[PDB]
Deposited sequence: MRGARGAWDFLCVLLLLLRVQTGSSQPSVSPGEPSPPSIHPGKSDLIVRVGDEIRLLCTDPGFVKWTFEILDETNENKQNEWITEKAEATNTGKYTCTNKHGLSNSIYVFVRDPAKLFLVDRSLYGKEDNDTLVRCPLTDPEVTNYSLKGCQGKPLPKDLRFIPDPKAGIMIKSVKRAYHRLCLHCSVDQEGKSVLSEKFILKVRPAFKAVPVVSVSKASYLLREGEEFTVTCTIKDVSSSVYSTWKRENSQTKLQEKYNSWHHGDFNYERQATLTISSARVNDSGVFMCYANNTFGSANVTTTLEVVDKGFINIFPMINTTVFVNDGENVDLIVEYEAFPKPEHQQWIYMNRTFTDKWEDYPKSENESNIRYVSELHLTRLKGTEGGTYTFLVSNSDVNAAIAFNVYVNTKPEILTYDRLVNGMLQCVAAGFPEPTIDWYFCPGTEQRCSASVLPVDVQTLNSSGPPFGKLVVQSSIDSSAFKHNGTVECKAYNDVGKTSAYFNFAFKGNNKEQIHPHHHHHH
C-alpha cells in the first residue's frame, strides 16, 4: 500500500514500491525505499558487478542501462528482500559478459540478461548466418541469461547469439573444457635398460590426454630423489594434449638400478607404465648346460649337446672344440628371444652316428669384449674294449692292458681261471677307462677283456 501521509516473529525488511521487477525509462530516476528499523545496506548486482549503499533510500538520478539488476535490502537481524530493476533503452537490450566458458556435461550460462522484459519469445539462436545443432537444450532467463543445458564437447569454439522477439545481440565464442572419460594413456620410450657403470641413463615418459590438467610423475621406486625430470608438452588441437618428461642420469652407477614408474592420473582414473634398469660394472657371461655335462651314448646313436647362456655385451666369438680342434660342421646357434632385452642365447652341438671312436671331451667356448667363458661336456661312448698292450715283465708274470667302455674287466684262463695281480690305471685316452691285470704263470703243464658291451682277447704262450 502507499505509505501513510505523515505531514510536516522478527520480520524481513519492507520495500517500496511493492513490486517484483520495475521497468524504468533510461535517463529517469530510480527511487527505491527500504523500511526496517534495523536496516543495514542495499546491495546492487548486475553481472559480476557489486555495489553497496548504506542509505535506506536508493536514488540514482539519471538511470543508465548498466543500472539494471538486483537490489537487495538487508537488516541487522540477518534478514532481507529484493526487487529487480530493468532500465529499458531502445539502444541496449543487452548487457553482457562475453567471457563464455562451460565444462562438458555441466550446464553453462550465456550472460546476456536483457534490460527490457516486455518481449515475447526468449529463445536461443544462430551465429554468423548458420542456426543451431539439434539435441541442444536451453532454458532462458531474462534476469540471468540463457543457460545452454548439458554442454557437449562438440560445442567447442561454437559461436551464437541471444534470441528474443527480433533482437540484435553481441558476439560470443563458446569454449568447452572437457571431462575426463578415460584413464590417461601413458607410454615409455623403452621398457628396459641393461647398463654399464659410466654411461648416460635416459628415458622419456610420454603422456597423452584430453587436458593440460593431467597429473604425471616419475617415481624412482624406493624413493629418495624425485631427481628432476625435464618436462615439455604439446597441444595437438583442442582436446589433445601430450607431455613428455624425460628422466636422465648423466653418470650411471650400479647403485642407481631399480624400477622407474611413470604414473598418470586424472579425475577419471589413473595409469602407470614401468621401466626397469640394471647397471653392471663388468661385461659378463654365465653358462647353462641343458643336460648332464656327463653323457653316455650307445655305439651307433646320436646326441645333442645343448647349452643356453646369458651374455652382456653381445657375443663376438664362440665355438665347439673336440681334440684341440674346433668345428665348422655340425652345430647350431641362436638367440632365445628376439626382444630388445635379450641377453640370453643357446647353442647346440649335434653329434651324429658317432662310432665308438668319437668318445672324448667336448668344450663350448664363448666371449664378449669383457669376458670369455666356457664349459666342458664329457662324452663317453660305448665301445668294444681295445687291448692297448700285452706285456711280459718277468717273474714270469704276464701282463695285459685294455681300454673301452664301460670300464673293461680282465678275466684269465689257462687250459677254470688264474687270479689277478693288478688294478687301476691313471690323462689320455679321454672317454675311455683303462684296465691293468696280471698273472704269475709259475705253475705249469701244457687274457680276456670285457664289460657290459664287448669282449676282446690277446694271447701269450710259453713252455715249461
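Asker: Which parts of the deposited sequence lack C-alpha coordinates in this model? Number from residue 1, please.
Answerer: Missing from the model are residues 1-10, 19-32, 190-193, 444-453, 465, 486-490, 509-524.
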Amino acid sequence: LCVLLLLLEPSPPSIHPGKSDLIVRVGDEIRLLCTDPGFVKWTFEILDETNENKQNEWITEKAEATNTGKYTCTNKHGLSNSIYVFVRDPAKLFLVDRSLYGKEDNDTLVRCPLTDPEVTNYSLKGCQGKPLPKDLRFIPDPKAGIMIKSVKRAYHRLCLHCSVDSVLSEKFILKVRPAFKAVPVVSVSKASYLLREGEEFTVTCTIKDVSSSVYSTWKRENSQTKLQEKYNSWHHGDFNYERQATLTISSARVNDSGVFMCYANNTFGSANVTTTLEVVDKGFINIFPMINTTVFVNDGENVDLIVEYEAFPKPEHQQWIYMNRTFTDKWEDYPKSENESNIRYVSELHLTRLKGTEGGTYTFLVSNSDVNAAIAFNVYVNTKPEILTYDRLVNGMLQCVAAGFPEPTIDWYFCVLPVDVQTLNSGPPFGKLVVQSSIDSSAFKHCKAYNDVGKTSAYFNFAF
From here on, numbers count along this sequence of modelled residues.
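Asker: On mean C-alpha B-factor from the PDB entry, just flag whether 88-96 or 107-115 is the higher one.
Answerer: Mean B over CA atoms: larger for 88-96.
Asker: Taking the mean of the C-alpha B-factors per stretch from the entry, tell me the winner out of 34-42 and 54-62.
Answerer: Averaged over C-alpha atoms, the B-factors run higher in 34-42.
Asker: Whose C-alpha has the highest temperature factor in the PDB entry: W218, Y390, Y345, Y193?
Answerer: Most elevated C-alpha B-factor of the set, per the entry: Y390.
Asker: Among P184, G145, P313, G198, where is the Cα temperature factor highest, going by the PDB entry?
Answerer: Of the options given, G198 has the highest CA B-factor in the PDB entry.
Asker: Check where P178 lands among this chain's C-alpha B-factors and tell me if it's the lowest, middle or highest third.
Answerer: Ranked within chain, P178 CA B lands in the lowest tercile.
Asker: Based on the entry's values, in what third of the chain does the Cα temperature factor of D370 lie: lowest, middle or highest?
Answerer: CA B-factor rank for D370: middle third.
Asker: Relative to the other modelled residues in the chain, which third contains the C-alpha temperature factor of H350: lowest, middle or highest?
Answerer: Its C-alpha B-factor, which the entry lists for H350, ranks in the lowest third among residues of this chain.
Asker: Going by the CA temperature factor in the PDB record, which third of the chain does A403 belong to: lowest, middle or highest?
Answerer: Ranked within chain, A403 CA B lands in the middle tercile.
Asker: Within this chain, which third does the Cα B-factor at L79 fall in: lowest, middle or highest?
Answerer: Answer is middle: the recorded C-alpha B-factor places it there.
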